[PDB]
Amino acid sequence: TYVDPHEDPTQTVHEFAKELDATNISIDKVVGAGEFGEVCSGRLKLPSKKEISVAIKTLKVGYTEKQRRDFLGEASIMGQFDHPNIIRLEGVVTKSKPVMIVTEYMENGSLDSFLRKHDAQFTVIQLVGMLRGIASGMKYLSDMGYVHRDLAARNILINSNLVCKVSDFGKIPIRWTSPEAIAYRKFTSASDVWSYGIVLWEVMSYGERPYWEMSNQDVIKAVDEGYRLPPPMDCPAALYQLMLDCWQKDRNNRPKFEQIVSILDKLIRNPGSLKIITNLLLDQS
Ligand SMILES: Nc1ncnc2c1ncn2[C@@H]1O[C@H](COP(=O)(O)OP(=O)(O)NP(=O)(O)O)[C@@H](O)[C@H]1O
Ligand SMILES: [Mg+2]
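Sequential numbering from 3 applies to the sequence shown in my numbering.
Shown next, in the form of structure tokens:
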């Protein structure tokens with residue numbers, strides 16, 4: 003079971019995060035920018051003396067106490083999960099400044115941008131492998147009682163071996179959010195399943211934006227009317243059906259993450275199944 007960080011004296015992070023000795027951290031280069039400061043790549047020397055690659059996020063100089071709480075709050079969530087398809091927290095640095103969060107390094111970065119650089123260049127089995135990993139991570143998160151609420155290809159990271167891992171544990175990504183969650187903030191693991199369907203579409207579309215640049219009001223209305231994203235080019239029928247199933251109007255009719263993992267495992271085991279190949283499309287009822 004997950005425990006929601008919220009009134010601890012200062013750190014609920016140390017309950018779920020190792021304090022690292024900064025002598026064990028080396029910084030290589032800046033690789034991104036976040037809400038709270040820079041993201042860099044580097045190396046961590048473990049207590050066993052093994053050295054691994056890591057991503058390092060720093061809290062900007064002159065941070066507000068709210069910024070520090072939000073920053074470290076991500077770590078306090080992430081550190082509750084230990085799963086091959088959820089980004090691994092190596093630890094935090096809080097006893098010296100800048101404050102740091104250290105995570106496993108993912109060489110190929112965010113999944114959406116990675117796929118956009120490789121349009122039509124992976125096999126269907128490679129894409130299904132990516133999707134299976136994401137579903138497996140979500141199965142564990144849902145098992146722990148955690149609703150992600152931001153599941154999107156931009157919040158999945160991918161490593162040198164194409165292994166995909168759920169990231170971003172911080173209103174309202176409209177394009178990724180279930181109709182009931184938009185309508186009245188009904189967030190459940192079934193709303194994450196909806197989001198997963200959108201990620202499935204993103205992956206099979208090589209990082210096309212869901213609903214393109216449609217007005218948000220039109221995304222909301224169109225989906226409510228029963229319209230759905232169309233099958234990506236050369237999309238296996240099995241995978242488009244899985245998207246449609248994730249996008250059922252009635253949240254109780256959507257598959258559970260365990261079922262999604264099972265469906266994808268069957269496609270991996272019987273790759274011939276993927277050879278059957280399938281503007282918004284109306285599929286009311
Ligand atoms: N563990 C990691 N390994 C390698 N690169 C990473 C890692 N974490 C973050 N990055 C890189 O840093 C970028 C920004 O980090 P991210 O976790 O997306 O923070 P953010 O606050 O969501 N900012 P953005 O995604 O740019 O709006 C990502 O797109 C990656 O390229
Ligand atoms: Mg991000």
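For each residue, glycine too, the CB sits at the ideal point set by N, CA and C.
Output the distance between the C-alpha atoms of residue i and residue j, rounded to the nearest integer angstrom.
i, j, result
"residue 219", "residue 184", "11 Å"
"residue 226", "residue 181", "7 Å"
"residue 9", "residue 173", "24 Å"
"residue 56", "residue 235", "36 Å"
"residue 80", "residue 232", "34 Å"
"residue 67", "residue 3", "28 Å"
"residue 243", "residue 267", "15 Å"
"residue 65", "residue 95", "15 Å"
"residue 110", "residue 201", "17 Å"
"residue 212", "residue 22", "39 Å"
"residue 88", "residue 272", "26 Å"
"residue 214", "residue 178", "12 Å"
"residue 124", "residue 27", "35 Å"
"residue 163", "residue 254", "35 Å"
"residue 11", "residue 40", "27 Å"
"residue 8", "residue 277", "48 Å"
"residue 120", "residue 112", "13 Å"
"residue 54", "residue 187", "41 Å"
"residue 115", "residue 20", "31 Å"
"residue 16", "residue 106", "18 Å"
To the nearest whole angstrom, what separates the beta carbons of residue i and residue j, a pair I think is in contact under 8 Å?
i, j, result
"residue 197", "residue 154", "7 Å"
"residue 228", "residue 159", "No, residue 228 and residue 159 are not in contact; Cβ-Cβ is about 34 Å, not under 8 Å."
"residue 82", "residue 146", "7 Å"
"residue 51", "residue 36", "That pair is no contact at about 30 Å."
"residue 24", "residue 78", "That pair is no contact at about 20 Å."
"residue 126", "residue 46", "Rounded, the Cβ-Cβ distance is 36 Å, inconsistent with contact."
"residue 166", "residue 199", "Actually they do not touch by this definition, with Cβ atoms about 16 Å apart."
"residue 108", "residue 161", "5 Å"
"residue 206", "residue 129", "6 Å"
"residue 256", "residue 246", "About 10 Å separates the two Cβ atoms, so there is no contact after all."
Relative to the C-alpha of residue i, which candidate in the options has its C-alpha closest?
i, options, result
"residue 286", "214, 270 and 249", "249"
"residue 31", "44, 54 and 11", "44"
"residue 42", "48, 34 and 49", "34"
"residue 265", "137, 211, 277 and 13", "137"
"residue 263", "141, 123, 281 and 237", "141"
"residue 92", "112, 66, 124 and 49", "49"
"residue 260", "191, 162 and 282", "191"
"residue 203", "112, 241 and 215", "241"
"residue 275", "238, 251 and 26", "238"
"residue 70", "119, 14, 88 and 161", "14"
"residue 102", "53, 115, 112 and 29", "29"
"residue 221", "175, 63 and 186", "175"
"residue 63", "53, 100 and 54", "100"
Give every residue of the same chain whose Cβ lies closer than 6 Å to the Cβ of residue i, excluding the five residues on either side of it in the sequence, and list them in chain order.
i, result
"residue 76", "171 and 172"
"residue 73", "38 and 61"
"residue 117", "208 and 209"
Leaving out the 5 sequence neighbours to the left and right, which residues in its chain are closer than 7 Å to residue i when beta-carbon positions are compared?
i, result
"residue 189", "149, 151 and 183"
"residue 281", "232"
"residue 85", "139 and 142"
"residue 122", "208"
"residue 18", "78, 81 and 82"
"residue 169", "89, 157, 158 and 159"
For residue i, collect the residues of the same chain with a Cβ closer than 8 Å to its Cβ; drop the 5 residues on either side in sequence, then sort them by chain order.
i, result
"residue 144", "191, 194, 258 and 259"
"residue 279", "236, 237, 238 and 239"
"residue 5", "82"
"residue 251", "181 and 228"
Check: Taking any heavy atom of ligand 2 as the mark, which residues have a C-beta closer than 6 Å to it, listed down the chain?
Finding: 156, 157 and 170
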